[PDB]
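Colleague: I have a structure here, written as structure tokens, and I will follow up with some questions on it.
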Amino acid sequence: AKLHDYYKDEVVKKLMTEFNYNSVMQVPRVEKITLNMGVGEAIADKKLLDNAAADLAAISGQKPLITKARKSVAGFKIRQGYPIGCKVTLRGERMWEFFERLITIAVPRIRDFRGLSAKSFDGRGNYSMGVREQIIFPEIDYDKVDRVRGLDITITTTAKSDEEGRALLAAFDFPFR
Amino acid sequence: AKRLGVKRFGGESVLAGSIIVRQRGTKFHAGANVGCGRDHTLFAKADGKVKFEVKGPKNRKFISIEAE
Amino acid sequence: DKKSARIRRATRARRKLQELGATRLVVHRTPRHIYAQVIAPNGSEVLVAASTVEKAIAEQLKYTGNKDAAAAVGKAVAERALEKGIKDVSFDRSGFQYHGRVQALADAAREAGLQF
RNA sequence: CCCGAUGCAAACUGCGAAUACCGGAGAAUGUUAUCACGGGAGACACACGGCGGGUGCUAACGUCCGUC
RNA sequence: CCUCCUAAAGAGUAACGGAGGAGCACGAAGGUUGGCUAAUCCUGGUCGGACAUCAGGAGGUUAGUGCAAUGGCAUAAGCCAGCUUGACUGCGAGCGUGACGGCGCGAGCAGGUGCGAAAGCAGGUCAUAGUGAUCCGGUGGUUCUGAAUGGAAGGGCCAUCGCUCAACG
RNA sequence: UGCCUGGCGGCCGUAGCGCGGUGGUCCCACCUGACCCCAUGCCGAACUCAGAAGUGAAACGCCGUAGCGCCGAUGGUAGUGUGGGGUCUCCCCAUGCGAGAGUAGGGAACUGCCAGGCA
């Protein structure tokens with residue numbers, strides 16, 4: 001509970017004062033983070049997919065899980081059941097550690113960082129975005145870079161609507177839009 | 001030609017191990033003392049009186065043989 | 001949904017064993033308590049049951065549902081069935097896993113005089 | 001590409017019987033008119049008309065199906 | 001040979017009709033036990049233009065179910081996984097099909113097995129086409145028999161193989 | 001015997017969709033931790049283990065709401081068996097059976113056993 005206890009101590013009180021809920025846990029809470037990767041150009045060979053899987057495993061505390069293509073299409077030249085990428089689901093302490101380390105250091109160290117797109121929601125109160133050039137994280141050593149790729153981080157929130165999602169995002173001070 | 005359809009109906013006496021209905025699909029399901037072959041040909045596992053019922057949330061049709 | 005998933009998983013085995021038209025034993029696992037029941041082939045009557053909800057079993061149990069409570073429920077249901085004479089009813093694990101306390105209660109019932 | 005309305009489909013039916021088939025009970029009548037076996041047969045190019053149809057150019061006094 | 005209508009609500013039912021599909025294949029694509037459930041649309045984003053993975057919602061089987069098609073599949077008959085080969089041996093009441101040989105289903109019995117804690121299931125494939133009666137030939141086993149006797153040849157029985165006879169009871 | 005909550009069945013949309021109110025007495029649910037029973041084709045996602053720390057937020061329970069789904073008479077209509085007729089390509093007459101759709105009406109279901117709290 002590196003940040004769970006601190007989160008409950010700090011964010012809950014401010015949000016309750018903001019909304020004045022009748023229950024302590026009515027505040028939206030983070031459940032998990034989906035760490036997908038939309039390379040879209042791993043069809044050439046499996047070496048790139050293996051490298052991306054290794055990078056994701058190094059980033060997190062657990063091995064990633066590969067996923068297959070939902071459908072086969074001709075425009076994109078995709079067969080059925082073709083593995084195109086891998087994802088990671090974090091629940092417990094690893095997710096808290098990942099969130100704290102990305103918010104603390106990762107967010108400021110972005111070139112031309114115009115800020116997170118508030119309107120870029122899922123339409124119900126959850127946020128999902130891809131910060132490209134994942135080299136920002138120190139875990140990805142500069143000497144150990146093969147090709148430029150992008151991340152797909154989705155925050156799972158219990159927000160009833162978009163307003164609660166905005167409130168939860170601002171609870172982390174929302175550096176700027 | 002292939003003989004399909006129903007050959008035993010409600011209230012019709014049937015002996016043990018007698019075909020009740022043939023069907024390419026499964027328009028009926030075994031009820032009580034009713035079997036089901038590989039070809040979905042319903043048959044009775046014991047002597048009795050045939051009967052058709054409508055049951056299930058989806059309004060399915062079942063064939064059941066009441067014991068004599 | 002969780003409840004929908006559990007009931008849809010259980011109903012398959014329920015109907016499969018009901019096809020024989022024989023007595024069944026159904027045990028429901030709850031984080032607090034444990035429920036047990038024996039159902040006749042008719043399916044609209046109860047013959048024997050015992051759960052931790054009643055105070056008659058919680059005297060020796062610190063918690064409502066646990067290993068000790070599961071064992072006590074097993075003993076209670078076995079004794080009640082034997083005195084009533086269910087005569088080797090079938091067992092259904094409420095479409096749940098026979099991997100937790102379900103195994104413990106099943107073993108307790110078996111050693112208590114259940115032939116299922 | 002899709003949606004609302006508007007008509008049809010023998011190879012569509014979220015609905016759907018009169019009629020014909022089978023199963024059970026029943027008063028009445030029918031030279032058992034019902035069924036099994038055995039001996040002995042004839043025929044094995046049918047026509048016309050009604051009914052619901054396919055084909056046919058819904059032209060046919062054309063042709064082909066099942067019932068009478 | 002098979003799928004819907006024609007074919008007129010039992011079944012069957014003509015025509016040089018409308019549409020056609022097949023001679024396959026699997027030692028897993030089967031059985032067991034466990035877990036799961038989709039086509040499609042919108043919103044956001046690195047290549048993304050209207051259609052790559054992902055997050056959410058709507059949707060609730062309109063996909064998938066190997067075949068061209070029909071009827072079914074949510075308890076899924078579909079998907080993933082632990083084991084295995086019950087695709088075993090001798091049988092099998094009774095039922096349906098037809099003019100007929102014959103063909104299909106088939107509860108249940110005895111022996112031994114696989115799965116599942118057990119209850120229980122397993123005698124091939126979601127069902128409906130994948131076939132070739134007929135004699136002849138290659139191989140191995142079987143004293144069953146052997147034209148007076150001991151043997152041999154020959155005959156008999158068991159298991160496999162040679163097929164657009166596409167014209168294929 | 002009266003109210004509330006749970007399991008087991010019938011009924012299979014008169015049981016459904018949506019809206020409002022409402023629930024922590026018991027019970028139920030969310031949930032902390034999981035190094036231990038146990039598991040992730042990664043993830044305590046699901047199963048399982050130790051609880052009332054906190055809550056009824058969410059699911060679900062109950063009442064109302066007929067906006068929305070359904071059935072549904074009565075009558076009429078088309079259709080059809082039987083016998084006849086016409087102007088026989090089609091229709092009518094006497095008689096029997098009688099559609100679909102839609103109208104009135106309904107309901108926010110009902111029902112049997114036990115258990116825990118409230119009485």
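In the structure tokens, the first chain shown is A, the next is B, and so on; residue numbers restart at 1 for each chain, and ligands run from 1 in the order shown.
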Show me, as a PyMOL selection string, the residues of chain A whose atoms get within 9 Å of chain E, using only C-alpha atoms (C1' of nucleotides) for the distance check.

Modeller: chain A and resi 34-41+67-69+73+75-78+83-87+119-133+149-156

Colleague: Set the distance at 10 Å and use only C-alpha atoms (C1' of nucleotides): which residues neighbour residue 46 in chain C once local chain neighbours fewer than 4 positions away are removed? I'd like the list as a PyMOL selection string.

Modeller: (chain C and resi 37-40+42) or (chain F and resi 8+113-114)

Colleague: Keeping only C-alpha atoms (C1' of nucleotides), write the selected residues as a PDB file, in the first residue's frame.

Modeller:
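Everything below was put into result_18.pdb:
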ATOM      1  CA  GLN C  37     -30.476 -29.002   0.999  1.00  0.00           C
ATOM      2  CA  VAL C  38     -31.791 -32.322  -0.294  1.00  0.00           C
ATOM      3  CA  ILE C  39     -34.368 -32.148  -3.089  1.00  0.00           C
ATOM      4  CA  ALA C  40     -36.781 -34.941  -3.985  1.00  0.00           C
ATOM      5  CA  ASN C  42     -40.504 -33.765  -7.643  1.00  0.00           C
TER       6      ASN C  42
ATOM      7  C1'   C F   8     -35.444 -25.220  -4.032  1.00  0.00           C
ATOM      8  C1'   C F 113     -41.594 -26.419   1.352  1.00  0.00           C
ATOM      9  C1'   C F 114     -38.062 -24.798   4.812  1.00  0.00           C
TER      10        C F 114
END

Colleague: Got a sec to pull out which chain C residues are within 7 Å of chain E, counting only C-alpha atoms (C1' of nucleotides), and send them as a count of residues only?

Modeller: 5

Colleague: Would you list, as a PyMOL selection string, the residues of range 8-170 of chain A that end up in strand (DSSP E or B) under DSSP run on this structure's backbone?

Modeller: chain A and resi 30-36+65-68+73+78+83-87+89-90+121+127-129+132+150+152-157

Colleague: Set the cut-off to 12 Å and count only C-alpha atoms: what are the residues of chain B that reach chain C? Output as a PyMOL selection string.

Modeller: chain B and resi 29-35+56+64

Colleague: List as a PyMOL selection string the protein and nucleic acid residues near range 41-48 of chain B, meaning an atom at most 10 Å away when only C-alpha atoms (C1' of nucleotides) are counted, but skip any in the same chain fewer than 2 places from it.

Modeller: (chain B and resi 4+6+8+11-26+28-39+50-51+63-68) or (chain E and resi 94-96+105-108+127)

Colleague: Extract, using only C-alpha atoms (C1' of nucleotides), all DNA, RNA and protein residues at most 10 Å from residue 1 in chain C, discarding same-chain residues fewer than 5 positions from it, and format them as a PyMOL selection string.

Modeller: (chain C and resi 6-7) or (chain F and resi 59)

Colleague: For residue 64 in chain C, find every residue with an atom within 10 Å (counting only C-alpha atoms (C1' of nucleotides)), except residues of its own chain fewer than 2 positions away, and show them as a list in words.

Modeller: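 My reading of the contact set: residues 30, 31, 32, 33, 34, 51, 52, 53, 54, 55, 57, 58, 61, 62, 66, 68, 69 and 70 of chain C.
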
Colleague: Go ahead and save the picked residues with N, CA, C and O atoms, as a compact mmCIF listing (two decimals), in the first residue's frame.

Modeller:
# COMPACT_ATOMS: atom_id res chain seq x y z
N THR C 30 -21.47 -19.52 0.46
CA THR C 30 -21.54 -18.09 0.66
C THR C 30 -20.35 -17.65 1.51
O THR C 30 -19.90 -18.41 2.37
N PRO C 31 -19.83 -16.44 1.28
CA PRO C 31 -18.68 -16.00 2.10
C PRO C 31 -18.96 -16.03 3.59
O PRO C 31 -18.05 -16.29 4.38
N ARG C 32 -20.20 -15.77 4.00
CA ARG C 32 -20.56 -15.78 5.41
C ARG C 32 -20.97 -17.18 5.87
O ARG C 32 -20.36 -17.73 6.80
N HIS C 33 -21.98 -17.76 5.23
CA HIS C 33 -22.57 -19.02 5.67
C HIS C 33 -22.48 -20.06 4.56
O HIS C 33 -21.96 -19.81 3.47
N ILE C 34 -22.98 -21.26 4.86
CA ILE C 34 -23.05 -22.36 3.91
C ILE C 34 -24.44 -22.96 4.00
O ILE C 34 -24.93 -23.23 5.11
N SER C 51 -27.93 -25.31 7.94
CA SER C 51 -27.07 -24.20 7.57
C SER C 51 -26.57 -23.49 8.82
O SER C 51 -27.18 -23.56 9.88
N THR C 52 -25.44 -22.80 8.66
CA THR C 52 -24.84 -22.07 9.78
C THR C 52 -25.67 -20.86 10.20
O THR C 52 -25.41 -20.30 11.27
N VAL C 53 -26.65 -20.45 9.40
CA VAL C 53 -27.46 -19.28 9.75
C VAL C 53 -28.16 -19.51 11.08
O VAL C 53 -28.26 -18.60 11.92
N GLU C 54 -28.66 -20.72 11.31
CA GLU C 54 -29.32 -21.04 12.57
C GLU C 54 -28.31 -21.02 13.70
O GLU C 54 -27.16 -21.44 13.54
N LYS C 55 -28.74 -20.53 14.87
CA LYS C 55 -27.86 -20.44 16.02
C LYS C 55 -27.45 -21.80 16.57
O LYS C 55 -26.49 -21.87 17.35
N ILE C 57 -25.79 -24.07 15.34
CA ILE C 57 -24.49 -24.52 14.86
C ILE C 57 -23.37 -23.54 15.18
O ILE C 57 -22.20 -23.93 15.14
N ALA C 58 -23.69 -22.29 15.50
CA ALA C 58 -22.69 -21.25 15.69
C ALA C 58 -22.10 -21.22 17.10
O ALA C 58 -21.22 -20.40 17.37
N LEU C 61 -18.53 -22.31 16.68
CA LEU C 61 -17.88 -21.70 15.53
C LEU C 61 -17.62 -20.23 15.83
O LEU C 61 -18.55 -19.49 16.16
N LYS C 62 -16.35 -19.81 15.70
CA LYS C 62 -16.03 -18.40 15.86
C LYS C 62 -16.57 -17.58 14.69
O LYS C 62 -16.93 -16.41 14.87
N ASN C 66 -16.47 -21.33 7.52
CA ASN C 66 -15.04 -21.64 7.50
C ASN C 66 -14.90 -23.16 7.47
O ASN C 66 -15.89 -23.89 7.31
N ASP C 68 -14.12 -25.23 9.94
CA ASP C 68 -14.84 -25.81 11.06
C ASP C 68 -16.35 -25.74 10.84
O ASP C 68 -17.07 -26.70 11.11
N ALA C 69 -16.84 -24.59 10.36
CA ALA C 69 -18.27 -24.46 10.11
C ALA C 69 -18.73 -25.40 9.01
O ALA C 69 -19.81 -26.00 9.10
N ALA C 70 -17.92 -25.55 7.95
CA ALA C 70 -18.28 -26.48 6.88
C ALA C 70 -18.34 -27.91 7.41
O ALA C 70 -19.27 -28.66 7.08

Colleague: Might you pull out every residue within 10 Å of residue 7 in chain F, with only C-alpha atoms (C1' of nucleotides) counted and same-chain residues fewer than 3 positions away left off, and present them as a list in words?

Modeller: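 Those residues are residues 26, 27, 28, 35, 36 and 37 of chain C; 114 and 115 of chain F.
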
Colleague: For those residues, write C-alpha atoms (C1' of nucleotides) to a file as a PDB file, in the first residue's frame.

Modeller:
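As a result, result_5.pdb now contains:
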ATOM      1  CA  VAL C  26     -27.374 -29.153  -3.415  1.00  0.00           C
ATOM      2  CA  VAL C  27     -24.879 -27.080  -1.418  1.00  0.00           C
ATOM      3  CA  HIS C  28     -24.597 -23.306  -1.834  1.00  0.00           C
ATOM      4  CA  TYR C  35     -26.430 -23.730   2.815  1.00  0.00           C
ATOM      5  CA  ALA C  36     -27.287 -27.396   2.265  1.00  0.00           C
ATOM      6  CA  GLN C  37     -30.476 -29.002   0.999  1.00  0.00           C
TER       7      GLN C  37
ATOM      8  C1'   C F 114     -38.062 -24.798   4.812  1.00  0.00           C
ATOM      9  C1'   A F 115     -34.725 -21.547   7.078  1.00  0.00           C
TER      10        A F 115
END

Colleague: Please indicate the distance in Å from CA of residue 157 in chain A to CA of residue 138 in chain A, rounded to one decimal place.

Modeller: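 Taking CA of residue 157 in chain A as the start and CA of residue 138 in chain A as the end point, the length is 27.3 Å.
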
Colleague: Calculate how many Å separate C1' of residue 167 in chain E from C1' of residue 1 in chain E, rounding to one decimal.

Modeller: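 For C1' of residue 167 in chain E relative to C1' of residue 1 in chain E, the distance reads 14.6 Å.
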
Colleague: Can you work out which residues from chain C touch chain F at a cut-off of 6 Å (counting only C-alpha atoms (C1' of nucleotides)) and hand them back as a list in words?

Modeller: residues 43, 44, 45, 46 and 100 of chain C

Colleague: Taking the DSSP secondary structure from the backbone, can you list the residues of chain C that are helix (DSSP H, G or I), as an mmCIF file with N, CA, C and O atoms, in the first residue's frame?

Modeller:
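File written: states.cif
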data_model
loop_
_atom_site.group_PDB
_atom_site.id
_atom_site.type_symbol
_atom_site.label_atom_id
_atom_site.label_comp_id
_atom_site.auth_asym_id
_atom_site.auth_seq_id
_atom_site.Cartn_x
_atom_site.Cartn_y
_atom_site.Cartn_z
ATOM 1 N N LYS C 2 -22.109 -12.375 -12.479
ATOM 2 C CA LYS C 2 -21.598 -13.452 -11.639
ATOM 3 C C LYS C 2 -22.703 -14.441 -11.284
ATOM 4 O O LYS C 2 -22.562 -15.652 -11.497
ATOM 5 N N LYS C 3 -23.821 -13.939 -10.754
ATOM 6 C CA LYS C 3 -24.920 -14.825 -10.386
ATOM 7 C C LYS C 3 -25.487 -15.531 -11.610
ATOM 8 O O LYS C 3 -25.790 -16.730 -11.561
ATOM 9 N N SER C 4 -25.644 -14.801 -12.718
ATOM 10 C CA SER C 4 -26.141 -15.419 -13.941
ATOM 11 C C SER C 4 -25.198 -16.515 -14.419
ATOM 12 O O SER C 4 -25.641 -17.601 -14.812
ATOM 13 N N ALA C 5 -23.890 -16.249 -14.382
ATOM 14 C CA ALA C 5 -22.919 -17.258 -14.789
ATOM 15 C C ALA C 5 -23.030 -18.499 -13.911
ATOM 16 O O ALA C 5 -23.059 -19.631 -14.412
ATOM 17 N N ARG C 6 -23.108 -18.303 -12.594
ATOM 18 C CA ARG C 6 -23.184 -19.442 -11.686
ATOM 19 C C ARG C 6 -24.444 -20.261 -11.932
ATOM 20 O O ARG C 6 -24.390 -21.496 -11.978
ATOM 21 N N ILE C 7 -25.589 -19.597 -12.100
ATOM 22 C CA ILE C 7 -26.836 -20.340 -12.269
ATOM 23 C C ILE C 7 -26.851 -21.067 -13.607
ATOM 24 O O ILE C 7 -27.332 -22.203 -13.701
ATOM 25 N N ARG C 8 -26.334 -20.435 -14.667
ATOM 26 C CA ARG C 8 -26.306 -21.113 -15.960
ATOM 27 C C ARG C 8 -25.359 -22.305 -15.929
ATOM 28 O O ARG C 8 -25.622 -23.330 -16.570
ATOM 29 N N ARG C 9 -24.249 -22.191 -15.198
ATOM 30 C CA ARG C 9 -23.350 -23.331 -15.056
ATOM 31 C C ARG C 9 -24.005 -24.451 -14.258
ATOM 32 O O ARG C 9 -23.831 -25.633 -14.577
ATOM 33 N N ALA C 10 -24.765 -24.099 -13.219
ATOM 34 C CA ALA C 10 -25.348 -25.116 -12.349
ATOM 35 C C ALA C 10 -26.513 -25.834 -13.020
ATOM 36 O O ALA C 10 -26.681 -27.047 -12.843
ATOM 37 N N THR C 11 -27.329 -25.106 -13.789
ATOM 38 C CA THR C 11 -28.559 -25.689 -14.317
ATOM 39 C C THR C 11 -28.282 -26.859 -15.253
ATOM 40 O O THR C 11 -29.091 -27.789 -15.331
ATOM 41 N N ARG C 12 -27.162 -26.834 -15.974
ATOM 42 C CA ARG C 12 -26.842 -27.949 -16.861
ATOM 43 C C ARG C 12 -26.736 -29.248 -16.072
ATOM 44 O O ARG C 12 -27.406 -30.240 -16.389
ATOM 45 N N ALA C 13 -25.913 -29.251 -15.023
ATOM 46 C CA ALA C 13 -25.780 -30.442 -14.192
ATOM 47 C C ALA C 13 -27.085 -30.755 -13.474
ATOM 48 O O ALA C 13 -27.433 -31.928 -13.291
ATOM 49 N N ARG C 14 -27.814 -29.721 -13.049
ATOM 50 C CA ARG C 14 -29.080 -29.947 -12.362
ATOM 51 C C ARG C 14 -30.039 -30.737 -13.242
ATOM 52 O O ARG C 14 -30.616 -31.740 -12.810
ATOM 53 N N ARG C 15 -30.206 -30.309 -14.494
ATOM 54 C CA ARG C 15 -31.092 -31.021 -15.408
ATOM 55 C C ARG C 15 -30.528 -32.389 -15.773
ATOM 56 O O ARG C 15 -31.282 -33.360 -15.907
ATOM 57 N N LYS C 16 -29.206 -32.492 -15.928
ATOM 58 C CA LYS C 16 -28.613 -33.780 -16.265
ATOM 59 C C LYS C 16 -28.913 -34.817 -15.191
ATOM 60 O O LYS C 16 -29.280 -35.958 -15.502
ATOM 61 N N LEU C 17 -28.768 -34.441 -13.920
ATOM 62 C CA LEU C 17 -29.054 -35.375 -12.837
ATOM 63 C C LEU C 17 -30.550 -35.536 -12.598
ATOM 64 O O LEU C 17 -30.985 -36.593 -12.126
ATOM 65 N N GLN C 18 -31.353 -34.516 -12.913
ATOM 66 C CA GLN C 18 -32.798 -34.644 -12.769
ATOM 67 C C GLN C 18 -33.383 -35.568 -13.825
ATOM 68 O O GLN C 18 -34.457 -36.145 -13.616
ATOM 69 N N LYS C 67 -13.667 -23.642 7.611
ATOM 70 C CA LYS C 67 -13.434 -25.083 7.603
ATOM 71 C C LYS C 67 -14.212 -25.765 8.722
ATOM 72 O O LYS C 67 -14.899 -26.769 8.496
ATOM 73 N N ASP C 68 -14.121 -25.226 9.940
ATOM 74 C CA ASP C 68 -14.845 -25.813 11.062
ATOM 75 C C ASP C 68 -16.350 -25.737 10.844
ATOM 76 O O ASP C 68 -17.074 -26.703 11.112
ATOM 77 N N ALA C 69 -16.843 -24.593 10.363
ATOM 78 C CA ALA C 69 -18.274 -24.461 10.112
ATOM 79 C C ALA C 69 -18.728 -25.404 9.006
ATOM 80 O O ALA C 69 -19.807 -25.998 9.095
ATOM 81 N N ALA C 70 -17.924 -25.546 7.949
ATOM 82 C CA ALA C 70 -18.275 -26.477 6.883
ATOM 83 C C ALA C 70 -18.339 -27.905 7.405
ATOM 84 O O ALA C 70 -19.265 -28.657 7.077
ATOM 85 N N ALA C 71 -17.365 -28.298 8.229
ATOM 86 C CA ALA C 71 -17.388 -29.638 8.806
ATOM 87 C C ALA C 71 -18.612 -29.831 9.692
ATOM 88 O O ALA C 71 -19.263 -30.882 9.643
ATOM 89 N N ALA C 72 -18.938 -28.830 10.512
ATOM 90 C CA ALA C 72 -20.100 -28.940 11.388
ATOM 91 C C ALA C 72 -21.385 -29.065 10.580
ATOM 92 O O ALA C 72 -22.272 -29.852 10.927
ATOM 93 N N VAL C 73 -21.504 -28.291 9.500
ATOM 94 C CA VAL C 73 -22.674 -28.396 8.635
ATOM 95 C C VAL C 73 -22.744 -29.781 8.012
ATOM 96 O O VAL C 73 -23.825 -30.369 7.890
ATOM 97 N N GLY C 74 -21.597 -30.317 7.590
ATOM 98 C CA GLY C 74 -21.584 -31.666 7.050
ATOM 99 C C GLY C 74 -22.083 -32.689 8.052
ATOM 100 O O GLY C 74 -22.916 -33.540 7.731
ATOM 101 N N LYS C 75 -21.586 -32.610 9.289
ATOM 102 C CA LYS C 75 -22.043 -33.535 10.322
ATOM 103 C C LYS C 75 -23.540 -33.385 10.566
ATOM 104 O O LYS C 75 -24.265 -34.379 10.685
ATOM 105 N N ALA C 76 -24.021 -32.143 10.647
ATOM 106 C CA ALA C 76 -25.434 -31.916 10.928
ATOM 107 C C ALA C 76 -26.311 -32.488 9.823
ATOM 108 O O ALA C 76 -27.287 -33.200 10.093
ATOM 109 N N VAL C 77 -25.979 -32.187 8.565
ATOM 110 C CA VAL C 77 -26.787 -32.680 7.454
ATOM 111 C C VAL C 77 -26.733 -34.200 7.398
ATOM 112 O O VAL C 77 -27.751 -34.860 7.163
ATOM 113 N N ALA C 78 -25.551 -34.782 7.612
ATOM 114 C CA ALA C 78 -25.433 -36.235 7.571
ATOM 115 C C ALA C 78 -26.291 -36.881 8.651
ATOM 116 O O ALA C 78 -27.017 -37.846 8.387
ATOM 117 N N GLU C 79 -26.223 -36.362 9.878
ATOM 118 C CA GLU C 79 -27.009 -36.937 10.964
ATOM 119 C C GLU C 79 -28.502 -36.796 10.694
ATOM 120 O O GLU C 79 -29.270 -37.747 10.893
ATOM 121 N N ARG C 80 -28.932 -35.615 10.244
ATOM 122 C CA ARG C 80 -30.351 -35.402 9.983
ATOM 123 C C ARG C 80 -30.843 -36.320 8.869
ATOM 124 O O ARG C 80 -31.933 -36.896 8.962
ATOM 125 N N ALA C 81 -30.046 -36.479 7.811
ATOM 126 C CA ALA C 81 -30.430 -37.368 6.722
ATOM 127 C C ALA C 81 -30.492 -38.817 7.185
ATOM 128 O O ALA C 81 -31.427 -39.547 6.838
ATOM 129 N N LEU C 82 -29.503 -39.256 7.967
ATOM 130 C CA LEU C 82 -29.492 -40.639 8.428
ATOM 131 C C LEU C 82 -30.694 -40.933 9.316
ATOM 132 O O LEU C 82 -31.334 -41.982 9.177
ATOM 133 N N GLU C 83 -31.022 -40.020 10.235
ATOM 134 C CA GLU C 83 -32.204 -40.234 11.063
ATOM 135 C C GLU C 83 -33.472 -40.211 10.217
ATOM 136 O O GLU C 83 -34.398 -40.995 10.456
ATOM 137 N N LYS C 84 -33.534 -39.323 9.220
ATOM 138 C CA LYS C 84 -34.685 -39.299 8.324
ATOM 139 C C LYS C 84 -34.663 -40.456 7.333
ATOM 140 O O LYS C 84 -35.727 -40.961 6.957
ATOM 141 N N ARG C 101 -13.973 -25.604 0.235
ATOM 142 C CA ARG C 101 -14.676 -26.253 1.335
ATOM 143 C C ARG C 101 -15.721 -27.248 0.853
ATOM 144 O O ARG C 101 -16.201 -28.056 1.656
ATOM 145 N N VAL C 102 -16.085 -27.206 -0.431
ATOM 146 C CA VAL C 102 -17.024 -28.186 -0.965
ATOM 147 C C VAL C 102 -16.467 -29.592 -0.789
ATOM 148 O O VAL C 102 -17.184 -30.516 -0.388
ATOM 149 N N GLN C 103 -15.177 -29.773 -1.079
ATOM 150 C CA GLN C 103 -14.559 -31.080 -0.887
ATOM 151 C C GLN C 103 -14.591 -31.490 0.578
ATOM 152 O O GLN C 103 -14.855 -32.654 0.899
ATOM 153 N N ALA C 104 -14.318 -30.549 1.485
ATOM 154 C CA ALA C 104 -14.311 -30.876 2.906
ATOM 155 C C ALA C 104 -15.687 -31.338 3.368
ATOM 156 O O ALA C 104 -15.815 -32.360 4.054
ATOM 157 N N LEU C 105 -16.734 -30.598 2.996
ATOM 158 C CA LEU C 105 -18.077 -30.980 3.419
ATOM 159 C C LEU C 105 -18.508 -32.289 2.767
ATOM 160 O O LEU C 105 -19.180 -33.110 3.402
ATOM 161 N N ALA C 106 -18.129 -32.508 1.506
ATOM 162 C CA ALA C 106 -18.460 -33.769 0.854
ATOM 163 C C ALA C 106 -17.790 -34.942 1.556
ATOM 164 O O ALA C 106 -18.415 -35.986 1.769
ATOM 165 N N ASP C 107 -16.515 -34.790 1.922
ATOM 166 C CA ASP C 107 -15.820 -35.855 2.637
ATOM 167 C C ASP C 107 -16.448 -36.097 4.002
ATOM 168 O O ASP C 107 -16.589 -37.247 4.435
ATOM 169 N N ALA C 108 -16.820 -35.023 4.702
ATOM 170 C CA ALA C 108 -17.472 -35.181 5.997
ATOM 171 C C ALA C 108 -18.782 -35.943 5.856
ATOM 172 O O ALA C 108 -19.071 -36.853 6.642
ATOM 173 N N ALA C 109 -19.584 -35.592 4.850
ATOM 174 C CA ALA C 109 -20.831 -36.313 4.621
ATOM 175 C C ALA C 109 -20.566 -37.776 4.289
ATOM 176 O O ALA C 109 -21.230 -38.672 4.825
ATOM 177 N N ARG C 110 -19.588 -38.038 3.420
ATOM 178 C CA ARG C 110 -19.297 -39.411 3.020
ATOM 179 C C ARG C 110 -18.892 -40.255 4.221
ATOM 180 O O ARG C 110 -19.414 -41.358 4.425
ATOM 181 N N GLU C 111 -17.960 -39.751 5.033
ATOM 182 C CA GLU C 111 -17.536 -40.495 6.214
ATOM 183 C C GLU C 111 -18.630 -40.563 7.270
ATOM 184 O O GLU C 111 -18.588 -41.448 8.131
ATOM 185 N N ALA C 112 -19.605 -39.655 7.224
ATOM 186 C CA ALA C 112 -20.699 -39.667 8.186
ATOM 187 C C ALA C 112 -21.791 -40.669 7.836
ATOM 188 O O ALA C 112 -22.692 -40.882 8.655
ATOM 189 N N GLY C 113 -21.739 -41.283 6.655
ATOM 190 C CA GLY C 113 -22.715 -42.290 6.284
ATOM 191 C C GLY C 113 -23.466 -41.986 5.004
ATOM 192 O O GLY C 113 -24.591 -42.458 4.816
#

Colleague: If you count only C-alpha atoms (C1' of nucleotides), which residues fall within 8 Å of range 94-107 of chain F, apart from same-chain ones fewer than 5 positions away, as a PDB file with C-alpha atoms (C1' of nucleotides), in the first residue's frame?

Modeller:
ATOM      1  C1'   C D  15     -49.441 -15.508 -36.994  1.00  0.00           C
ATOM      2  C1'   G D  16     -52.687 -19.427 -39.323  1.00  0.00           C
ATOM      3  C1'   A D  17     -58.156 -23.592 -40.034  1.00  0.00           C
ATOM      4  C1'   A D  18     -61.452 -25.423 -42.632  1.00  0.00           C
TER       5        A D  18
ATOM      6  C1'   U F  14     -50.690 -10.830 -17.537  1.00  0.00           C
ATOM      7  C1'   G F  72     -56.865 -10.574 -25.987  1.00  0.00           C
ATOM      8  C1'   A F  78     -60.636 -13.274 -46.152  1.00  0.00           C
ATOM      9  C1'   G F  79     -60.496 -18.603 -46.497  1.00  0.00           C
TER      10        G F  79
END

Colleague: Between C:97, C:65, C:48, C:89, single out the one closest to residue 115 in chain C, counting only C-alpha atoms.

Modeller: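 Distance minimum relative to residue 115 in chain C lands on C:89.
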
Colleague: Sort by chain and increasing residue number a table of all residues of chain F within 12 Å of chain B, each with its closest pair of atoms and their distance in Å to one decimal, counting only C-alpha atoms (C1' of nucleotides), and write it as a tab-separated table.

Modeller:
residue	atom	partner	partner_atom	distance
F:10	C1'	B:55	CA	10.1
F:11	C1'	B:55	CA	9.3
F:12	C1'	B:57	CA	4.5
F:13	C1'	B:57	CA	9.5
F:15	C1'	B:57	CA	10.5

Colleague: For the residues selected in the previous step, produce a file with C-alpha atoms (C1' of nucleotides) as a PDB file, in the first residue's frame.

Modeller:
ATOM      1  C1'   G F  10     -44.203 -24.782 -11.761  1.00  0.00           C
ATOM      2  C1'   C F  11     -45.902 -20.875 -14.768  1.00  0.00           C
ATOM      3  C1'   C F  12     -42.348 -18.675 -19.532  1.00  0.00           C
ATOM      4  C1'   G F  13     -42.802 -11.613 -21.554  1.00  0.00           C
ATOM      5  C1'   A F  15     -43.419 -12.632 -15.394  1.00  0.00           C
TER       6        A F  15
END
